[PDB]
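As a starting point, one isolated chain is supplied in structure tokens, in the form solved without this ligand.
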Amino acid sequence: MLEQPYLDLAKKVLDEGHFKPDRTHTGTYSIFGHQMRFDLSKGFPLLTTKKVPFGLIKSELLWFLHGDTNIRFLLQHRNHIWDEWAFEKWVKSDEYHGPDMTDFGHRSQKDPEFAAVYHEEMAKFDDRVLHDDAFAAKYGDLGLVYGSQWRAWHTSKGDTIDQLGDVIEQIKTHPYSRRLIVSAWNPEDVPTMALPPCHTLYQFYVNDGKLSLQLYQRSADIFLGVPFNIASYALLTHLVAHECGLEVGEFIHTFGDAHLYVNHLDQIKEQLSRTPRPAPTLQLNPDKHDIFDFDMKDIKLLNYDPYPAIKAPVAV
């Protein structure tokens, strides 16, 4: 079935993965160098052996296309994927006055009550973003994130570069170009960034009318991250294809370090004993063709009938 390459990866890291302790106290099983190929003509590669919330994928990708870097948009969509990154800079700024919140992520699963304190503090942070415009622009804006690096790269000569925007024109006027590349890696910011881009660099390709995209992911969290990652880029390909009036081809997922956190073993194992159902389909508004102006409603996912979700502790 379509998603087989993902399961084959999970089974692989379990069988051939060498134990590798990492940054977080939770150890991992990792491998280096892997590639998966998904034929987008067979359907949208969203996992059926587990219920991945497609909503979040949309909410985040559109955020990216809009050159947005403010968490407000996501909170305004019930998406909370980046909250912690912004909140972190809030508890450190000499303006916040409450609990210590030192590396809260870890304490949020080892000490009861504190977690409630955390979720409580987070609620006020999030609330002040959606309503207090000044607060939103101060702590809601991440600055260095996919949205800006994709569509507002900063030059040495004080200006900005619309990478994706240009590459799209390129596909349109020079489809056979082997230079259809977009990078999120900037040597200048990387030494100090909190979380350097995992989805380091991607490339487009056009052949016989079908568009394809390869993604170089320097790091991957097989159980939690990868299921989303695949969807984001499978979607991104459709979008770029929709605008360029091209048919959709393949999505090639290349990994640097693909890993599995130890406390996800039983969950992934249980997932491996699930037979995949037929892949879903994606419906993109046939009228609207300028993806940057796209909105949630302009993307539909049909026949998605996945298995129940699998609860697993986030690694910290």
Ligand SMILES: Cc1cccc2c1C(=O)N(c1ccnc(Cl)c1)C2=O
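From 1 onward, residues are counted along the sequence shown.
Although it is not shown, the form solved in complex with this ligand is what the next lines describe.
Please state whether all three residues 82, 224 and 228 have a non-hydrogen atom within 4.5 angstroms of this ligand in the entry with it bound.
So, yes: the whole triplet contacts this ligand.
4.5 angstroms heavy atom contact with this ligand in the entry with it bound for residue 68:
Taking the distances in the entry with it bound, the answer for residue 68 is no, it never comes within 4.5 Å of this ligand.
Just one of 74-82, 205-213, 124-132, 241-249 has residues with a heavy atom within 4.5 Å of this ligand in the entry with it bound, so point it out.
Heavy-atom contact with the partner occurs in 74-82.
Taking this ligand as it sits in the entry with it bound, which residues of 24-63 have a non-hydrogen atom within 4.5 Å of it? Please list them.
Read in sequence order, the lone residue that approaches this ligand (within 4.5 Å, in the entry with it bound) is 60.
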